[PDB]
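Below: one structure, written as structure tokens.
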Amino acid sequence: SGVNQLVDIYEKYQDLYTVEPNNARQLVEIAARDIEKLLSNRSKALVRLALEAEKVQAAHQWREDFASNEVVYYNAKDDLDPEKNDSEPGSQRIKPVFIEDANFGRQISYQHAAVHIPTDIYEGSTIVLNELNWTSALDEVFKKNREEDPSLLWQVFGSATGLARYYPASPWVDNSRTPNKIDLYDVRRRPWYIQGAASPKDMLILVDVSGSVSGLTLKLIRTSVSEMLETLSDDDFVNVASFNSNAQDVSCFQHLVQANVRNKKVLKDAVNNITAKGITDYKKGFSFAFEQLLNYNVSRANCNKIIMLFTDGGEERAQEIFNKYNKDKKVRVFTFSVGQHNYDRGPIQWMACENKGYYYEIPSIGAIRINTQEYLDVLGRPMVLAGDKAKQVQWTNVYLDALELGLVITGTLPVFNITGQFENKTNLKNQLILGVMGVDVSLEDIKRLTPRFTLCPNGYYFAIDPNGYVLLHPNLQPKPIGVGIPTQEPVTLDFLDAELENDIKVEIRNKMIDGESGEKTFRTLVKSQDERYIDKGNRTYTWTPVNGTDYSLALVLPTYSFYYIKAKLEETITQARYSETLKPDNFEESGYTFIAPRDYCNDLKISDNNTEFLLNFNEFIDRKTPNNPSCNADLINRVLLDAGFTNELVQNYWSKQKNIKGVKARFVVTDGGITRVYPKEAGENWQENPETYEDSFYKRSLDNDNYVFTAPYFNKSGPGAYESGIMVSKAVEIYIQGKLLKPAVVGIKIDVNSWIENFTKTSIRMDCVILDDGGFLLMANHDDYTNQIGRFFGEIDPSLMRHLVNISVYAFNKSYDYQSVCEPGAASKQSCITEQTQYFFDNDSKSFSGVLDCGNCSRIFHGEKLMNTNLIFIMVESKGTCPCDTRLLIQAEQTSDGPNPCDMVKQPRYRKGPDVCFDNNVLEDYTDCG
Amino acid sequence: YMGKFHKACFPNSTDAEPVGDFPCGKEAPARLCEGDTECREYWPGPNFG
Amino acid sequence: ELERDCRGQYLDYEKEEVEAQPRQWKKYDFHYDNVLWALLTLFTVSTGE
Amino acid sequence: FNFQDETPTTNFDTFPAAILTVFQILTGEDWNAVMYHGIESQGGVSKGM
Ligand SMILES: *[C@@H]1O[C@H](CO)[C@@H](O[C@@H]2O[C@H](CO)[C@@H](O)[C@H](O[C@@H]3O[C@H](CO)[C@@H](O)[C@H](O)[C@@H]3O)[C@H]2NC(C)=O)[C@H](O)[C@H]1NC(C)=O
Ligand SMILES: *[C@@H]1O[C@H](CO)[C@@H](O[C@@H]2O[C@H](CO)[C@@H](O[C@@H]3O[C@H](CO)[C@@H](O)[C@H](O)[C@@H]3O)[C@H](O)[C@H]2NC(C)=O)[C@H](O)[C@H]1NC(C)=O
Ligand SMILES: *[C@@H]1O[C@H](CO)[C@@H](O[C@@H]2O[C@H](CO)[C@@H](O[C@@H]3O[C@H](CO)[C@@H](O)[C@H](O)[C@@H]3O)[C@H](O)[C@H]2NC(C)=O)[C@H](O)[C@H]1NC(C)=O
Ligand SMILES: CCCCCCCCCCCCCCCC
Ligand SMILES: CCCCCCCCCCCCCCCC
Ligand SMILES: *[C@@H]1O[C@H](CO)[C@@H](O)[C@H](O)[C@H]1NC(C)=O
Ligand SMILES: *[C@@H]1O[C@H](CO)[C@@H](O)[C@H](O)[C@H]1NC(C)=O
Ligand SMILES: *[C@@H]1O[C@H](CO)[C@@H](O)[C@H](O)[C@H]1NC(C)=O
Ligand SMILES: *[C@@H]1O[C@H](CO)[C@@H](O)[C@H](O)[C@H]1NC(C)=O
Ligand SMILES: *[C@@H]1O[C@H](CO)[C@@H](O)[C@H](O)[C@H]1NC(C)=O
Ligand SMILES: *[C@@H]1O[C@H](CO)[C@@H](O)[C@H](O)[C@H]1NC(C)=O
Ligand SMILES: *[C@@H]1O[C@H](CO)[C@@H](O)[C@H](O)[C@H]1NC(C)=O
Ligand SMILES: *[C@@H]1O[C@H](CO)[C@@H](O)[C@H](O)[C@H]1NC(C)=O
Ligand SMILES: [Ca+2]
């Protein structure tokens, strides 16, 4: 490996660089200021757009004739064919010129805004035509906003008539005109619209499962309750009750629980598993509802108490229950008359009137989608009446964009109907919002305000919600959150589920949620990137709140990562002699070179095919000088410095030797991006990621100040283990100015045969196995275990595995992965919660002996941990004995259900709800029971 | 006519509900069907059997 | 329930797979809108069919 | 007659509906559909013929 040669090369050129400190406090403050500036920019855009929308709707004249004055607009679901006959009577359609944009990845037209009209909504009626008429000023302000800030993504007006008008005109995703691709998108169900249209709820869905609802009515009621739950965010608390002469909970929840993905799934399953029987009793049901909304022992959002009554009809009004429980009229009651029937619907319409609610009818599936949007239309009356105290920017949970952009957060601001204002008129429907304006912020746009390459590959940033969900985290992947066993929700991943959970991390999470600032240095179990090992790390969390928002930023930083090497490359010739090493024509004196596909310069496009990126990198280096402001000098300076040091290692120590019997490959990986593997033959067998910061062994070998052997993968279709070898690595630990900084890792891909011969060579001076951390067989002697090399030892002989765990030399941690793809079973691949486990050295002792009490037999073993490595040798002498192979210890990413939600809502994670909410206004006109 | 209304032609081994509410036959004069389907036993029949 | 409303498209859940169908303002087959149409409708009623 | 996905209009729930259903069976038209409904209501063909 030549650790010492690379080391003293590094100290040999202290004049070629400078060591600089990572002041985590200043880093966190700077990144928090940057993120607050970005979000304030988007807030200013939203304010401009909402002001103009209100002004231009105030001065609109209603019409019923658009033949004389056509409305010209681009419909998103228009085919690209030049069809002159695809126009409605009252609307002439624009045919745009679409360019391909890098930011969006789709066809984009900056000349006008596009419009989305749901299929179930006719696109030429009077309401739609008037909206399309008065949204042209929105189009112009879209242009202005994008003109003052070229980094804006989708900025959109979500109309309350069903429309949606986003600025960069792009065709709808896949659902314009495509069989089996139906367009069910509706802007008024979207999480950002649901969020900006009202304040956090406290629902309680009373389902009327009595006898008279059997058949179609119960089908429609369960579908309607599912679609009602699908409009509740994570700031909303909901339970579902059901009454038939006796009221009970439909699920395991006994109170109002948060409406997150897991709890919503539990409630949906309970509602789907519900049956109809017995006589109705509207008093024992509303008593239960009003009692469950009077519970203040549990966590809640003390706002917008509601009761959702899913019945069909009856001759019972229950005046005295309401007069007893709802006399100040603090609780709304929305009554739904589901089904196709001829029961009396008078009391149902009266409960809504006397309790500030509204009455909806759901005669058939297809009417289900519209009425949920409509109670939410009702709930926004108190918000409208609060003129400018209700216009505040709110950011949603991380969700997957519709016009596919990846992960985005949307900032919403509601638009008020202001037709009669200061010239007071009847003001009939001036209590309803016009819509909600949203502007998207890309999560990859937030990632660029937290520069990660001046930190150790173990150091990173992460932000947090008030609910504890992560705005930004290395373990947050663009996949939906799994909710159970497989058979448009947001990506809500808690902080305690993106990492391993101690108690210190719970304290840190609670401190971050409250918006405080502090530091904390402690010892953490840091799971390796390959999700197969656990190392005993050494971390330092520093956090601040991001001012003006609900987010809180933190910076993980290892104790040795307080200093980084700043490349002092200003000679313009030294960098050239470093660069000449990188063309893929010198890969025989220098090793097979891979370069981390970093954003060295914007004119370089990163490529998954690495050698392509290497070619363009060499090309741009050939003519680099005039591109001074085009890109960052620090990244290229550091990568060239590291390439030079790596070349000096590979010639002055590796090219002088050329051959060792034991080795099969010699490699060095550096934080700059250079990962030159020497022989150029194993470089074809090399399967590590070009970006060194995502190399599992590199991150593992920095925390572990010793030799780490990575057992190859078992039963993996590819280069395998025999003709590639087994990975061996140690990290350089140079000292400059007496400071501990680790700039690279060297390593050897030891060949399996050259080890097995030496292991069985001394056998004259059979069962012997070598185990590393995580209990994986590195190599053995029986020569049939070496067939299953790298495979987990518990799969080989699980009895010894369980016993050796019982001595507690191997501790284990079982955790959950909510963002994993999953093979669907029976009652392509869906996403489930996989339950991955990892083993490691529980104790620090070196010698272990004992007797394996196999069933009706006895087995003897001795365990010795090789000094200065992560290995343990097990001398067990027993083969083919009586069968103690009852089960297996399968360390594998096992499909499972998550933690039991019925037990996790009684000790829920700490969570801070929204402060200001609007309900129960006295100017609100309740005489619209519909 | 005993038991002749029970062969409906089902999807390709998917075990789902049969397509069409009519009996079929794999023979020549009976009603053949189409679209990757197999005329196999165990369909209750027309008019709920 | 009006000719003004009955335009555009709608989602049909009849097939158990969502499909967009046109909205058509149709008239029933036997429809009484005349003394000659009422005579034919009443004849078909009297025959029992 | 509160079946899944449907509820027939020719049912015996109230007295007007029962009297109209009996009148329709007397005239002879579509008595078999009502028979199928009244057999499926008393359990499946298995147990309600
Ligand atoms: C099993 O095979 C050979 C057995 O000879 C192992 O290599 C030998 O390891 C011993 C360890 O103590 C060395 O002494 C042997 O010679 C050494 O060679 C290096 C070469 O740089 C010198 O610097 C040392 O001073 C010393 O002379 C060494 N011999 C050879 C030919 O490698 C081999 O490592 C082992 N297999 C595995 C996988 O480890
Ligand atoms: C915002 O609020 C204003 C008023 O508060 C709404 O404008 C009003 O809309 C109604 C329709 O609901 C108009 O009434 C209609 O008038 C036409 C012509 O007179 C008539 O043919 C219709 O039958 C109906 O009566 C009303 O004229 C119009 N203006 C006023 C001053 O009331 C406006 O629609 C609201 N915004 C949105 C997006 O709906
Ligand atoms: C994940 O792995 C870690 C490995 O450290 C586990 O933490 C350890 O868990 C054991 C079992 O509870 C703790 O032992 C206990 O210590 C207390 C206090 O002395 C004692 O009263 C108990 O009888 C028991 O011996 C051990 O202290 C703890 N390690 C540390 C550093 O606290 C952890 O349990 C694993 N699982 C999870 C979900 O984290
Ligand atoms: C525009 C008017 C066209 C009318 C077409 C109706 C066709 C049948 C006419 C009347 C049928 C008589 C049936 C009963 C006679 C006793
Ligand atoms: C599931 C198939 C066998 C079920 C047992 C036989 C039921 C059918 C017999 C009843 C038919 C009633 C009509 C009799 C008219 C004379
Ligand atoms: C946030 O505001 C507080 C007090 O207003 C201040 O102490 C802190 O430095 C601010 N943080 C940033 C990143 O501006
Ligand atoms: C915010 O906008 C200003 C100008 O509108 C721009 O100079 C600044 O860079 C923007 N902030 C961010 C974080 O992009
Ligand atoms: C509404 O329509 C009229 C007539 O077509 C037009 O003059 C006016 O500009 C439209 N409103 C807006 C805001 O564009
Ligand atoms: C839930 O489903 C199971 C299995 O179908 C059933 O046995 C149970 O009765 C259901 N729950 C209720 C409350 O009916
Ligand atoms: C809440 O707690 C109090 C006291 O701990 C208890 O009396 C009450 O029954 C609990 N439940 C409700 C719904 O108030
Ligand atoms: C970091 O490691 C050193 C020795 O490796 C240890 O003394 C120290 O306690 C560790 N840090 C913390 C916070 O425990
Ligand atoms: C990568 O790009 C190089 C240069 O164009 C090409 O020779 C090679 O075939 C490419 N490999 C893959 C897998 O695309
Ligand atoms: C070890 O095994 C014994 C019995 O086999 C069991 O009681 C015990 O909980 C296990 N674990 C430890 C740490 O002793
Ligand atoms: Ca009832």
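So you can find residues: chains in the structure tokens are A, B, ... in the order shown, residues in each start at 1, and ligands are numbered from 1 in order.
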- List all protein, DNA and RNA residues that have an atom no more than 9 Å from any atom of ligand 2, counting only C-alpha atoms and all ligand atoms, and report them as a list in words. residues 57, 58, 60, 61, 62, 63, 64, 127, 130, 131, 159, 160, 161, 416, 417, 418, 419, 420, 425, 426, 427, 428, 429, 430, 431, 432, 433, 434 and 435 of chain A
File of the preceding selection, C-alpha atoms, as a tab-separated table (two decimals), in the first residue's frame:
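Contents of result-v7.tsv, freshly written:
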```
chain	number	residue	atom	x	y	z
A	57	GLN	CA	-59.27	40.17	-10.35
A	58	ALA	CA	-60.70	43.20	-8.55
A	60	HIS	CA	-62.57	42.10	-13.90
A	61	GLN	CA	-65.92	42.36	-15.69
A	62	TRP	CA	-68.03	39.21	-15.79
A	63	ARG	CA	-69.12	37.98	-19.22
A	64	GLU	CA	-71.15	35.22	-20.84
A	127	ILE	CA	-66.19	30.19	-15.01
A	130	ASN	CA	-63.43	34.13	-17.20
A	131	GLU	CA	-60.49	32.74	-15.21
A	159	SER	CA	-57.15	28.52	-9.18
A	160	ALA	CA	-60.12	27.44	-7.09
A	161	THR	CA	-62.09	26.67	-10.26
A	416	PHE	CA	-58.18	36.85	-1.80
A	417	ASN	CA	-61.26	38.02	-3.68
A	418	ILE	CA	-61.26	41.79	-3.26
A	419	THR	CA	-63.93	42.94	-5.73
A	420	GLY	CA	-65.93	44.88	-3.15
A	425	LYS	CA	-71.11	46.10	-1.87
A	426	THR	CA	-73.19	43.04	-1.00
A	427	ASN	CA	-69.89	41.09	-1.02
A	428	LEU	CA	-71.68	37.81	-1.69
A	429	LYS	CA	-68.78	35.36	-2.10
A	430	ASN	CA	-65.96	37.65	-0.95
A	431	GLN	CA	-65.28	35.16	1.87
A	432	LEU	CA	-63.67	32.59	-0.46
A	433	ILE	CA	-60.11	32.63	-1.75
A	434	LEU	CA	-59.46	32.94	-5.47
A	435	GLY	CA	-56.67	30.39	-5.26
```
- Message: Residues of chain D within 9 Å of chain C, counting only C-alpha atoms, what are they? List them as a PyMOL selection string.
- Response: chain D and resi 27-30
- Message: Should the cut-off be 10 Å, what would the residue list for chain D against chain B look like, counting only C-alpha atoms, as JSON, numbers by chain?
- Response: {"D": [32, 33, 36, 37, 39, 40, 44, 45, 46]}
Could you give me, as a tab-separated table, every chain A residue with an atom at most 7 Å from ligand 9, plus its closest atom pair and distance in Å to one decimal, counting only C-alpha atoms and all ligand atoms, rows ordered by chain then number?
```
residue	atom	partner	partner_atom_place_in_ligand_line	distance
A:250	CA	ligand 9	13 (C)	6.9
A:273	CA	ligand 9	1 (C)	5.0
A:274	CA	ligand 9	14 (O)	5.7
A:275	CA	ligand 9	14 (O)	6.4
```
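Distances here use only C-alpha atoms; by that measure, the residue among A:701, A:323, A:355, A:737 closest to residue A:528 is A:701.
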Taking a cut-off of 8 Å and counting only C-alpha atoms, can you build a table that, for each residue of chain A near chain D, reports the nearest atom pair and how far apart they are in Å (one decimal), sorted by chain then residue number, as a tab-separated table?
```
residue	atom	partner	partner_atom	distance
A:214	CA	D:2	CA	6.4
A:215	CA	D:4	CA	4.6
A:216	CA	D:5	CA	5.1
A:219	CA	D:4	CA	7.8
```
- Query: What gap, in Å, lies between atom CA of residue A:522 and atom CA of residue A:837?
  - Reply: 22.9 Å
